[PDB]
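Listed below, chain by chain, are the residues.
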Amino acid sequence: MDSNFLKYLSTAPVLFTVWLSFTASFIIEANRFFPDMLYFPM
Amino acid sequence: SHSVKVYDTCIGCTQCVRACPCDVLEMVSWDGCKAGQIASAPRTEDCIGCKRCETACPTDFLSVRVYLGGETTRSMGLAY
Amino acid sequence: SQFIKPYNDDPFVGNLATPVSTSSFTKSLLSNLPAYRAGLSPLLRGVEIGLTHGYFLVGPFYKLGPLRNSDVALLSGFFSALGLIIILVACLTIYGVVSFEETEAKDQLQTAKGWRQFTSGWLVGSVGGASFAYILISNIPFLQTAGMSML
Amino acid sequence: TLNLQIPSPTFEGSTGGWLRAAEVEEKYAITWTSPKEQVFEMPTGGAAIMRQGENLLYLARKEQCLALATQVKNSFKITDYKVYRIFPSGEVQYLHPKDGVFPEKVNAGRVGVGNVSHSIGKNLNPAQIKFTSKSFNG
Amino acid sequence: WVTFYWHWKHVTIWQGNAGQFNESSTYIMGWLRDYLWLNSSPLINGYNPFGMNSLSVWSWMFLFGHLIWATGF
Amino acid sequence: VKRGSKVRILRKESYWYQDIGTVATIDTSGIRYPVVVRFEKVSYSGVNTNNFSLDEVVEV
Amino acid sequence: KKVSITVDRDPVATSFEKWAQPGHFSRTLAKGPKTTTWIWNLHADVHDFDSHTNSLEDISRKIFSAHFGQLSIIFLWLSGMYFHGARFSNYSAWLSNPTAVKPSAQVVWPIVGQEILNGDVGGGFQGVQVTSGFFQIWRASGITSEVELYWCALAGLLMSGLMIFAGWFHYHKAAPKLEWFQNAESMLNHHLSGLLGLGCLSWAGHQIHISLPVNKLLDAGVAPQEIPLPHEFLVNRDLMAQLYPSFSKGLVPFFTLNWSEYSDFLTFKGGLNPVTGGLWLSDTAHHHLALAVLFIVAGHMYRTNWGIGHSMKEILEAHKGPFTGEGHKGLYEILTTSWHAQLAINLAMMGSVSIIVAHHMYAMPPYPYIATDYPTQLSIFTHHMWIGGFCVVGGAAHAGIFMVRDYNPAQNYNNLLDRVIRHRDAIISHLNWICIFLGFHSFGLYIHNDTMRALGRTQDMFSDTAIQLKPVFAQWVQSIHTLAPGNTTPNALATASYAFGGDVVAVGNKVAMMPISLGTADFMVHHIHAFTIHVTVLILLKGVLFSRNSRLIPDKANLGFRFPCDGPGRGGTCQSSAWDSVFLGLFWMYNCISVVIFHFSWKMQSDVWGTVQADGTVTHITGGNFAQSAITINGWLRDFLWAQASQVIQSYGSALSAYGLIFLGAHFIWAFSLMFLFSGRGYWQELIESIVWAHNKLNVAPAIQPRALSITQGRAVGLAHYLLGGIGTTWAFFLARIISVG
Amino acid sequence: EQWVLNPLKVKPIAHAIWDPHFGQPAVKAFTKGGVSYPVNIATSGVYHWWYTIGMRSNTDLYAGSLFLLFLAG
Amino acid sequence: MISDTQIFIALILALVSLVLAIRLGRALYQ
Ligand code: CLA
Ligand code: CLA
Ligand code: CLA
Ligand code: CLA
Ligand SMILES: CC1=CCCC(C)(C)[C@H]1/C=C/C(C)=C/C=C/C(C)=C/C=C/C=C(C)/C=C/C=C(C)/C=C/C1=C(C)CCCC1(C)C
Ligand SMILES: CC1=CCCC(C)(C)[C@H]1/C=C/C(C)=C/C=C/C(C)=C/C=C/C=C(C)/C=C/C=C(C)/C=C/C1=C(C)CCCC1(C)C
Ligand SMILES: CC1=C(C/C=C(\C)CCC[C@H](C)CCC[C@H](C)CCCC(C)C)C(=O)c2ccccc2C1=O
Ligand code: SF4
Ligand code: SF4
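Its PDB record attributes the structure to cryo-EM, giving the resolution as 2.14 Å.

Participant: Would you take a moment to explain a nonpolar patch on the surface for this structure?
Facilitator: All names here are of chain E. A cluster of nonpolar side chains, contributed by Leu55, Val57, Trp58, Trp60, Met61, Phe64 and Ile68, occupies part of the molecular surface with about 650 Å² of accessible area. Tracing the backbone shows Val57 in helix α5 (residues 56-72). Taking relative accessible area as the criterion, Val57 reaches 34% and is therefore assigned partly exposed.

Participant: Any chance you could explain the interface of chain G and chain F here in plain terms?
Facilitator: Accessible area lost upon the coming together of the parts serves often as the stated size of an interface. Taken together, the contacts link six residues of chain G with five residues of chain F. Where chain G abuts chain F, roughly 470 Å² becomes buried across the two surfaces, and 47% of that area is made up of carbon and sulfur atoms. Inspection of the region where chain G meets chain F yields zero salt bridges. Counting every contact that joins chain G to chain F gives six residue pairs in polar contact. Of the residues in the side of chain G that touches chain F, the class split is no nonpolar, three polar and three charged.

Participant: What exactly am I supposed to notice about the coordination of the magnesium atom of ligand 2 here?
Facilitator: Around a metal, the ideal angle is 109.5 degrees if four donors adopt a tetrahedral arrangement and 90 or 180 degrees if six donors adopt an octahedral arrangement. You will see that the magnesium atom of ligand 2 has only one donor from the protein, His398 of chain G (NE2), lying 1.9 Å away. In this fold, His398 of chain G is placed in helix α15 (residues 374-405).

Participant: What exactly am I supposed to notice about the packing of aromatic side chains here?
Facilitator: One pair of aromatic rings is described through two measures. These are the centre distance and the angle between the planes. Counted under the stated rule, the structure contains 87 aromatic pairs over all chains. Between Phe4 of chain E and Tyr35 of chain E the ring centres are 5.2 Å apart and the planes differ by 75 degrees, which places this aromatic pair in the edge-to-face class. Of this pair, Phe4 of chain E sits in helix α1 (residues 2-14) while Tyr35 of chain E sits in helix α3 (residues 28-37), and the two are 31 residues apart along the sequence. Accessibility expressed as a relative area gives 35% for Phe4 of chain E, which makes it partly exposed. Both rings, one in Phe64 of chain G and one in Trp180 of chain G, keep their centres 5.5 Å apart while their planes meet at 65 degrees; by these two values the pair is edge-to-face. Here the residue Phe64 of chain G occupies a position in helix α2 (residues 56-87), and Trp180 of chain G occupies one in helix α6 (residues 178-181), the gap between them amounting to 116 residues. Owing to a relative accessible area of 22%, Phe64 of chain G belongs among the partly exposed residues under this scheme.

Participant: What's the story with the pattern of salt bridges in this structure? I'm lost.
Facilitator: Pairs can form between side chains of opposite charge once their charged atoms are near each other. A full pass over the atoms with the stated rule returns 45 salt bridges over all chains. Among the salt bridges present, the one from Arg33 of chain E reaches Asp34 of chain E, with a minimum N-O distance of 2.9 Å. By relative accessible area, which is 13% here, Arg33 of chain E ends up buried. Classification of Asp34 of chain E as buried rests on a relative accessible area of 12%. The residue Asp566 of chain G makes a salt bridge to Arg570 of chain G at a minimum N-O spacing of 2.8 Å.

Definitions and cut-offs
Residues numbered from 1 in each chain as written, not as in the entry; some residues may be left out. Chains lettered and ligands numbered in written order. Part of a larger assembly, values for the part shown. Heavy atoms only, no water. Residues with missing side-chain atoms left out of burial classes, pairs and counts. Patch = residues over 30% accessible without salt bridge, like charges linked within 9 Å, V, L, I, M, F, W, Y side chains within 5 Å. Areas by Shrake-Rupley, 256 points an atom, 1.4 Å probe, with all protein chains shown as cover. Salt bridge = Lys/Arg side-chain N within 4 Å of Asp/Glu carboxyl O. Helix = DSSP H or I, 4+ residues; strand = E, 2+ residues; numbered from the N terminus. Buried < 20%, exposed > 50% of the residue type's maximum accessible area, 1.4 Å probe, protein only. Contact = heavy atoms within 4.5 Å. Buried area = accessible area lost by both parts, 1.4 Å probe. Polar contact = N/O pair within 3.5 Å; in protein donor to acceptor, adjacent residues only side chain to side chain. Nonpolar A, V, L, I, M, F, W, Y, C, P; charged D, E, K, R; others polar. Donors = N, O, S within 2.8 Å, 3.2 Å for Na, K, Ca; no water. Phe/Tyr/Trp six-rings, centres within 6.5 Å; stacked < 30°, edge-to-face > 60°.

Structure follows, in structure tokens:
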């Protein structure tokens, strides 16, 4: 891995997009496998 | 006519006089700063109020101050 | 061969000498208009201008007014034109009151007495021209239908 | 003094020039000397060609004259320009440079106008000077 | 917002159809459709190509407001 | 105050009031504001140095 | 020779170092951020190449390679559209039944209940209905299978890769010199004869050799799976000659100028195909072939290495008269030195061409089964209208940028530009007066008619059953164009379009095209259009002509193209730049195109689009309400805005509910835009001061000092969110309505 | 005096209309409230307030108007 | 109902109020 390419990958827009997509993928897979969670189940 | 004041925080960098489009300010002799000069406003009847001098001033909160007052033909920038 | 020149041989005044602005036809037409024609009192300038404008003021009110499909269309149009004439005369009066200081000079339009004479002439000409237009449309059936009487 | 007989730069005319207030209220004049005949931009819009030698020009506003002065100073290295104010009565009032030395350079005899002997944060609150003709500066 | 809430609730109670407010006020599309669009019908029919009635002045004034508001922009 | 010292500003109108700067030069002549102070935060006009009097700077 | 190839080899090394240094292109920005303003400046001025360096050669190389990058993106988009048509579409079922199968080329995943958007579009398929018109294009091109669409997608991907490789090569490895870019004559010759001419010739070849037999078999009722492959149409001359017997004569009639033998597959029939409702493909094949001939002839005009050809500088300098001084002298230098002038001209022309495309494509449907696809027609008209308006305003903007930056008065003495500048006051005053006249005698007619209908005086209105404003000139032009076949166009079988007059072309009990009558309401709305276009011209031209100086600011050119103001002085000089004139002209372009598309939607829904039933009567979508309702603002408010928004607000719980969501969301964002538009920087900066105090209390203040957005950025953000909100609202309303009722 | 007798069926009139820009259908459509001239239907609620506080006829309304004219003077 | 004389009395009182309002406006204008 070229260090300049890694430093470019460490910039705010790239990391922002990657982190928000990663978070969205967590929410999407959680709602795919555990849908319709209006509430915390008792 | 607008009122232009120069406070003793002026460092005599002559930027406000160079930024003036209407030849309102000029540099006069002074002993309060290392440059040995302070800005002055003898010709505020020609002041349009553009505040280019205030934009040009480098001292933390400005040494030259423009207070807009009564509007005249010169101060309104009217070519008519 | 340049057709556009600086105005009055002054290149720095805010105007240009063009064929539309400064040709012989334009100068003749402007100098022969009553507002600029030499040898006229302000009263007669007012009379001519008022006759023309008051004469043409009758037409739209007669042809397009709310009473245009009634038997009193011409009378209503002339009365509306007269009311517009009175409003414009009031406009002239207040303009002359606020625009000029009281001077001995009375042979120019831009004096107080000259503008008062011009306003008086404009009122008298406007009433006369409106009445003439009323007479002509009242007495000629060609003007009552605006040319469909030929068909 | 303003020599009225100085020839003007060759201009084809424009609609941007001075209005009736120039001949009725006040008018401005700028003179300068050029080493050669060269094309400059008019401050009112358009291109004119200034002649070699002296040039006199009439404007409606002081700022237009000083804009032209700044333009010829930074584009043609002309600093000898003089700006005058002319009234309809014919009195000519010399404006720029007022004492012959440009205002960004210190000259002896100049007195400070509008100078305040404290910082701007030491101005008075309005409540001291309400119903009183005392200035907010102190 | 206050007058929209007051008027929509009071119209739905006065109509005997308070359940329409109870089911439609929880989302914005209910406010846009069941209050704004639904109650606009007699207002925009104050005058039409078929006639006019006593609401027409409000039908004018409504449009008047839509004009003058825009002029402020 | 001396050269190199970290000082807090007590000028009310200043952008850097109660903030910390570094003294860059102390002028010895009779100047009303002889203390040049350089700041790490830029002002709204983009400057980062200003002159202050002796009473407008306190050592931290 | 004078036209030659000059290239510098390896001018910029290919490296990732500057990728890690944001703001490297700007000396001001390369120092690094100190405020949040820096970030916005970094993303706002990045492709403004002329402000980073003074060398025209590097700017031109950057422009060439950025154009290659855009072409790569466009090819990737096209390849995506072909692939999504190939794999996620109902294209074969649409090919079997065009009149009953809704086109759909987008399928959603089921995640949170959004699978409800996969509506029943027919053909045993569920997906999002598409209105881009790709199905009709592929039917016109002769694509009968999804395998061909897969191959088209592969070709698009290969061309995208080729374009991005060409960009990397032609910037980073072999960059052309400035002398290579400054050949206008060679560029026009090659782009007229090779790009447009050979492109038209090869597409005429494809139309004649592939599109015509496949579409002739499709219109005869043959199923697509039994239609022969295109290469079989190439090699089997008998198979072609059963359909077009002139192919039995070969290329001998072409070279012997016996061209009328080819009259069966090169026609000038006009009108529309009765089976499909589109233009005859033979007419299009002759059309593109004639365009190829004309473009290749036009591509030999300009002077090159050999002595033949015209010199454009000589042509420009020769055209001068007594009214215009030096005439067109100096424009060749302007257009061969300033990129911004070329961008202005080309953006203006592309916008006008897009508008012409929108008009001429609704009126003369060129594709099979696109006329009765009312959502596709409305979508492509509205989309290309908006693109055209945006490109025209961009041409004005970049003209203003040329005027501020690249204009030199020394090289522009007493030419047309100088004289235009020298009577700018007359131009703007006369245009301002005619704009006020147009506003009064167009909008006051609507206000007057609203008042008269509100006052109960129907006989005092401007209508066809009241005092009439008859569009006699446009009706006369329509009569001439209806009478044109056989009288002034003796070789035309039918009219160019039925919108001028004629029969009702209907396909599958839906109106393909019918005559579009023009009455008082059409008069008023066309003069409203003229009013809005003249006011937009007033704003943009006033901004361009006063970009360098004015009576207010004599040194406006020193401040630049884009500055917020010159201070509160002279009474206030806010929004004095040409950029702010573009900022207002974008709003007025939005208003103009909005009124145009509203007129279009209502007039087609009321007088053109509808269903044909027994005894030949046409039942329109809104029942012919345009004539009596489009004369008042109340009629527009009730019978167009209120009436047709029923479909988007009752779309919840159906497949079109996303449009309703987008409807609300656009309604949100547009209003959010006014928060930027109505407010000012100082309030937000002091509020940010308080928030900075709050973050300082917890020692969590960022090193990059937060600042409010600039005044210019406040205007730009408000304008961008305003345009997005308005265009999205019209988008959702139009699409939901026309999918539901058409 | 008509509204006091039947408060829940008679539409309260605010003031009369005299607008010469009206056509005849606008004159007809604004003729409500049991009178023979165009009127505006009151929304200010002055009828209910004045009826509740003990006014019944038109005479005491005029006397109150006179008293407030005198008080303003 | 109200008669013509009552309306005339109200008009006279309104004219008196007009005179008083003119006097107050002149007093406030100094
Ligand atoms: C006949 C030769 C020829 C052709 C076809 C083109 C074509 C083009 N030039 Mg161009 N150009 C030429 C000669 C030619 N040029 C010469 C001689 C000069 C120097 C004076 C220039 C200088 C020049 C500049 C400075 C610019 C262009 C640009 C463009 C593109 C315009 C955008 C567009 O419509 O793309 C869509 C049209 C297409 C045809 C898409 C396909 C794109 C590829 C490259 C076409 C390749 C065709 C190939 C030669 C034949 C294979 C076809 C078949 C046999 C398989 C277009 C691809 C602009 C651009 O975007 O540059 C990137 C631009 O800025 N040209
Ligand atoms: C042929 C097309 C074209 C080209 C090549 C250019 C090129 C240029 N323009 Mg120009 N322009 C164009 C079209 C074009 N423009 C059009 C059509 C308009 C009218 C709207 C303008 C208006 C315009 C102005 C007003 C200005 C320029 C400027 C510039 C220069 C710098 C641009 C820059 O750095 O932006 C960098 C790129 C960006 C800032 C990205 C912009 C992103 C936009 C605003 C948002 C897109 C929204 C998206 C489509 C939808 C998302 C919604 C979703 C979230 C729901 C550059 C020379 C500026 C300049 O300095 O010139 C010297 C300048 O002041 N242009
Ligand atoms: C609906 C709101 C609205 C209206 C009515 C106007 C009206 C006007 N704008 Mg404006 N504008 C608006 C919104 C509006 N704007 C918005 C939202 C923007 C946002 C960017 C702008 C941006 C803008 C720019 C940038 C420009 C204008 C210009 C103009 C003028 C064009 C001349 C014209 O059409 O005269 C016709 C007048 C009208 C249509 C107004 C209605 C008048 C009708 C006929 C009824 C008249 C009734 C009568 C006078 C009443 C008398 C009663 C008595 C008691 C007084 C005009 C004054 C241009 C201008 O001034 O140049 C000439 C110009 O350059 N505007
Ligand atoms: C062309 C349009 C038009 C015009 C000019 C009028 C004119 C009029 N209508 Mg009307 N009307 C119209 C269309 C129109 N209508 C339509 C289409 C409808 C729908 C059917 C109606 C419905 C309607 C009703 C229902 C009523 C009227 C009434 C009136 C009259 C009000 C008299 C009045 O109080 O004057 C005085 C005007 C005012 C007090 C308004 C001015 C307020 C100003 C702007 C506020 C600011 C003032 C400020 C201090 C500056 C002072 C300036 C100084 C010069 C004074 C007047 C004759 C009313 C009536 O008959 O009353 C007698 C009435 O009840 N109209
Ligand atoms: C057509 C032409 C083609 C196109 C181009 C074009 C140039 C624009 C256009 C020209 C156009 C336009 C500009 C046409 C020019 C038009 C004007 C409107 C003509 C006005 C004529 C007034 C005459 C009749 C009357 C005077 C009244 C008489 C004396 C009075 C009798 C009264 C007097 C006081 C005495 C007492 C009795 C009474 C009755 C009271
Ligand atoms: C806003 C501000 C402005 C400046 C002043 C201010 C106080 C600071 C304030 C103004 C405020 C408010 C207070 C102003 C409100 C003011 C007044 C009350 C306006 C009333 C006008 C009444 C009209 C003229 C008359 C009808 C009488 C006519 C002549 C009678 C005929 C009569 C009838 C038929 C019977 C027969 C006898 C005759 C005589 C023939
Ligand atoms: C609201 C507003 C602001 C405030 C806008 C602030 C300063 C900028 C907001 C940008 C944010 C930080 C980026 C996008 C917001 C995201 C939704 C969440 C932030 C993500 C962080 C990690 C950055 C102005 O600066 C302004 C200036 C001139 C006229 C009007 C206005 C104006 O109306
Ligand atoms: S406001 Fe403008 S004109 Fe006045 S002193 Fe400052 S720079 Fe000069
Ligand atoms: S710009 Fe400010 S510091 Fe410089 S001379 Fe003028 S007042 Fe003094």
